[PDB]
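Trainee: Chains as they are written, first to last, in my numbering: chain A, -14 to 253; chain B, 37 to 298; chain C, 1475 to 1526; chain D, 37 to 298.
C-beta atoms are modelled at their ideal positions from N, C-alpha and C, and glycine is treated no differently.
Below are the structure tokens for one structure; questions will follow.
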Amino acid sequence: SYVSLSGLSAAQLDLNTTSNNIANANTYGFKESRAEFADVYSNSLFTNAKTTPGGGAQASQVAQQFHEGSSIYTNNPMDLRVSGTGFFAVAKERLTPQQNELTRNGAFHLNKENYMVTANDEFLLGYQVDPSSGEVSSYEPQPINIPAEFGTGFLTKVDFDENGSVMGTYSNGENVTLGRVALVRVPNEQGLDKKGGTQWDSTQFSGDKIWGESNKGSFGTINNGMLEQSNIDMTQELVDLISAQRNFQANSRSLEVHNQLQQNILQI
Amino acid sequence: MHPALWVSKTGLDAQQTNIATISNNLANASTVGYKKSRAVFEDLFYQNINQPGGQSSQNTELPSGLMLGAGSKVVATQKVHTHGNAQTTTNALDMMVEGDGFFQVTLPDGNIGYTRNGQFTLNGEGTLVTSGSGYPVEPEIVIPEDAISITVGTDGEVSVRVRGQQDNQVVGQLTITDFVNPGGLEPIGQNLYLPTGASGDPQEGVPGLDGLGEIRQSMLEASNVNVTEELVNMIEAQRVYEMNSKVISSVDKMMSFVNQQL
Amino acid sequence: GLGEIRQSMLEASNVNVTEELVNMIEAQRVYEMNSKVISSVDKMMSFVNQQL
Amino acid sequence: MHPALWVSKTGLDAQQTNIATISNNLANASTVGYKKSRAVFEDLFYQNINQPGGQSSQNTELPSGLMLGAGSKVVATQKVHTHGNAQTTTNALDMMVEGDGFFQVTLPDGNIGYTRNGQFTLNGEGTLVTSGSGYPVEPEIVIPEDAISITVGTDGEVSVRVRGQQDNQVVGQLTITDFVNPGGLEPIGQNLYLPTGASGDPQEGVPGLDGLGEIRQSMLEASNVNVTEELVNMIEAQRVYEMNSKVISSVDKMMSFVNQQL
């Protein structure tokens, strides 16, 4: 009877994973999941080896499919997106940016202190560059600050180029580079452990974080005015709902048959 | 106590093994690269009461002798190693073997295990491993950190593209192993097989030469279980199970009657 | 030759309710039949005491 | 009278305990912050008729001995303290722990009980109390009558908003307690727990530091019961229950037969 319950457990896990994907059809930066199953074959020294009925179906791993999601256009300079491979670096505490998590949604804004933060008031991290210098001076990530006054002159517009550099223009007609958004990549994206709010953290199965600039090396570009929706396909998810129910029903029939066998002997 | 009690006991055991095999097939109806199994039935030895062919008078032999069977058993659980359908996926690291062949991985004890499941991934070092227990793939395929995309050729050559460099760099070469009798493999779980005596020697080569199958990138091989056949066989095995219990029920009632009478 | 450890998995009992119940059928019947012999011997000894 | 009668009696009681535990999970299928329970079976002692490994002669010891079991019993009822799903509600006085932790309430006797149920309310004095019997939450969180909107932070900082006054006015700080072994907690009813010897010392701290969970306002934690698992297990336990009744029924018939023959 446990083999049938293994099928029911495997099928219900498939339903729960698909239902999770459908629920997050509108969350920004969501990466869908796929339930992977494996076989069970246990034998001992005293077990016959010629006939080997399986032990059922085992859950192998709930994958974290990381393909690029479709982009929405909001015409908002504070909404960002990574076109390619990479995640944004976001720290919950401004003082300590080492305790940071990886995210894919770029819905940012300015706090009351003019720090570019997420919806959860978590500070975005970036590289510190001199106003006159070019490339990154010190590679250590720091929270991104866009001053209201620089000189003086009051902030007028903020825009991001393909290199991720945040540029703020002021009343005095002075364009000052205030930094560039840091991009993080890992050798294994599916090894990242999932936190809340469409955010990940580094693990040992995912390797170490790779800090780099946008449009440099293996990293992608940064586009402002765009957001990335969920990377799920509604038709595929709805169909997977169909196939998973007809596998819970088939397995439940096997569970029903096994019970009726035991009832048959109990009436002798 | 009664000969029919033991014969029907073997009948119940045989159908339980058959139903257990069918129930396992239904459980793995979504397992990638799973091969369905069917039970093989055979009759046990026959007790020799009257010898067929015995010389019952000169020039006259017993046309049919009194030979009572001992029941039946499931002698083998034969794996049906036919190809499954292809699932089109967007992942760049899940592969399919189009035709005969098996992916080879390194088991923790040091031996090489052979699998049909193509759901692969990477570890922290970039080595191509499985998406389950993370077994390394033989031969090791290390994806460099400078790669922007991964392409797996039909011939198994794994190449990646590096920024600012045309003519994508080859980072590995996959090899797949075929068996003369893949049904003789020992399933050790986790979608893995081990070679046995009846399986034959593992013959290795490039995936696409010497009769080996091709490697299909971004494609998965579905299980070959036919739920329609599994459910119908489930009903038939249940009927044979219940009619064997009727013999036991009849034998039990006979013994109860005799004890009260004799 | 040692077995492997499988996390998030349990080893169910290996008892076969089909075999145990049929064995119960055999055990009950053989138990009753051996009681028939003792009852038969009991009647035999009663007959001898009354006759002899 | 018969060894099988007592062994199967322990089997019947073990399954009755198992079904009672299963029925409890189904009854609390909509209770907020309820952790399902699982019965743990283990066999009783074995009578030592023949010692396994004892000497049958020199250079020959008994390979297997005659050891009769005494039945089985449910030795523990373990709470599966896994996190449940989060329900979004419009109420502002019901909170949830996202992660490890337990809310603290003051019992009538003066002790502190730990609850995963976050459905709170106010009494006439405005103190934040549970929505059931009304046990105040430790430490006291009294809402002033001038409040127009109540917000509870992720770090447990409770604050209100006042008309004609910018910046939320802080009114209190929530603290939650964790345990090394929450399965050792004593269920005392009313969605309340108590610390025990096997639970471990209570460790209190800010909700969000030192591994504690975070307070989610306007969100409730559903029960982790899976009716699919409970119903399937209840069918299995029912079959095992009828297995031990067949043994008792057969034993009774044997004693009836002996009472008439012997």
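1. Find the nearest neighbour of B/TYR70 within the set B/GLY247, B/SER59, B/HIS119, judged by alpha-carbon distance.
2. What does a CB cutoff of less than 7 angstroms around A/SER203 pick up in its chain, not counting 5 residues either side in sequence?
3. Please name the residues in the stretch 273 to 284 of chain D whose beta-carbon is closer than 7 angstroms to at least one beta-carbon of chain A, in chain order.
4. Taking only the alpha-carbon atoms, compute the straight-line gap between A/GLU86 and D/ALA63 and give it to the nearest angstrom.
5. In chain A, which residues lie with their C-beta within 8 angstroms of the C-beta of B/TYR70?
6. Is there a Cβ from chain D that is less than 8 angstroms from the Cβ of A/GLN(-3)?
7. Just to confirm before moving on: does the CB-CB distance between A/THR3 and A/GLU222 stay below 8 angstroms?
8. Between A/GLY41 and A/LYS194, what straight-line distance do the alpha-carbon atoms span, to the nearest angstrom?
9. Identify the residues that DSSP records as bridge partners of A/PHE145: which are they?
10. Can you check whether the C-beta of A/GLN247 is within less than 8 angstroms of a C-beta belonging to chain C?
11. Less than 8 angstroms between the CB atoms is what I'm expecting for D/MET131 and D/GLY162, so what's the real figure, rounded?
12. How would you list, in chain order, the residues of chain C whose beta-carbon sits under 7 angstroms from the beta-carbon of B/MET291?
13. Under 8 angstroms, Cβ to Cβ, is there at least one residue of chain C near D/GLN83?
14. Roughly how many whole angstroms lie between the Cα atoms of D/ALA75 and A/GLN252?
15. Which of the three DSSP states is assigned to D/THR166 in this structure?
16. What residues from chain B crowd round A/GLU120, counting only those whose CB sits closer than 9 angstroms?
17. Is A/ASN232 buried or exposed, if buried means 16 or more other CB atoms sit within 10 Å of its CB?
18. Can you look up A/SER4 in the DSSP assignment and give me helix, strand or coil?
19. Restricting to Cα atoms, I'd like to know which of A/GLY164, A/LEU140, A/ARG89, A/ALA133 is closest to A/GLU120.
20. So, is the C-beta of B/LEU143 closer than 8 angstroms to a C-beta in chain C?
21. Indicate whether at least one CB of chain C lies closer than 8 angstroms to the CB of B/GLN52.
22. Is it buried or exposed for B/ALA234, if we count other Cβ within 10 angstroms and need 16 for buried?
23. According to DSSP, simplified to helix, strand and coil, what is D/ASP79?
24. Check for me: the alpha helix (DSSP H) holding B/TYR277 runs from which residue to which?
25. Look at D/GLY219 and D/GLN114 and say whether their C-beta atoms are less than 8 angstroms apart.
26. So, is A/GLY176 buried or exposed, given that buried needs 16 or more other C-beta atoms within 10 angstroms?
27. C/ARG1480 by DSSP, collapsed to three states: which one?
28. Could you please give me the residues that DSSP links to B/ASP214 through a beta bridge?
29. Among D/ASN260, D/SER259, D/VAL261, D/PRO243, which has the Cα closest to the Cα of D/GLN253?
30. The beta strand (DSSP E) spanning B/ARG197 covers which residue range?
31. Distance check for C/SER1487 and D/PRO88, CA to CA, integer angstroms please.
32. Do B/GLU78 and the ligand NAP come close, with the Cβ less than 7 angstroms from some heavy atom?
33. In chain A, which residues lie less than 8 angstroms from D/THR264 when you measure between Cβ atoms?
34. Along chain D, which residues have their Cβ under 7 angstroms away from the Cβ of C/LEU1495?
35. I think D/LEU158 touches D/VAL188, with their Cβ atoms under 8 angstroms apart; what is that distance to the nearest whole Å?
36. Which residue or residues does DSSP assign as beta-bridge partners of A/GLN184?
Mentor: So, to answer that:
1. B/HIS119
2. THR70, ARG170
3. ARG275, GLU278, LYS282
4. 41 angstroms
5. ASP24
6. yes
7. yes
8. 38 angstroms
9. A/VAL151
10. yes
11. Not really, about 17 angstroms apart at Cβ, beyond 8 angstroms.
12. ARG1503
13. no
14. 28 angstroms
15. strand
16. The premise fails here: A/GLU120 is roughly 17 angstroms from chain B at the closest Cβ pair, so nothing lies under 9 angstroms.
17. buried
18. helix
19. A/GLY164
20. no
21. yes
22. exposed
23. strand
24. 263 to 297
25. yes
26. buried
27. coil
28. B/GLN239
29. D/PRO243
30. 193 to 198
31. 22 angstroms
32. Here there are no bound small molecules, and the ligand NAP is not part of this structure.
33. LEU(-7), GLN(-3)
34. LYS282
35. So it is not a contact: roughly 13 angstroms between Cβ atoms.
36. A/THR88
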